């Protein structure tokens, strides 16, 4: 069916979770991009920020999928939550 316009959403992640979404060699985020169909950009933190901004661009369904998969990626997160 109709997926509608490509749109861009941003979400922030605590910087320490970023490694979980990216994965070794970027393998996780490559997968999430591939699976979701969404473009996904994870920035560096802005000057002295605890967050990184992820920009997700795709149809609403793709962005929705990407978000879910990014959230899911935390479950695999290998560092200290605090």
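Numbering follows the first chain given and starts at 1.
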Residue 78: CA B-factor among chain residues, third -> middle
Name the third of the chain's ranked CA B-factors that contains residue 1, choosing lowest, middle or highest. highest
Please rank the C-alpha B-factors of the chain's modelled residues and tell me whether residue 12 sits in the lowest, middle or highest third. highest
What third of its chain, lowest, middle or highest, does the C-alpha temperature factor of residue 63 fall into? middle
Would the CA B-factor of residue 38 place it in the lowest, middle or highest third of its chain? middle
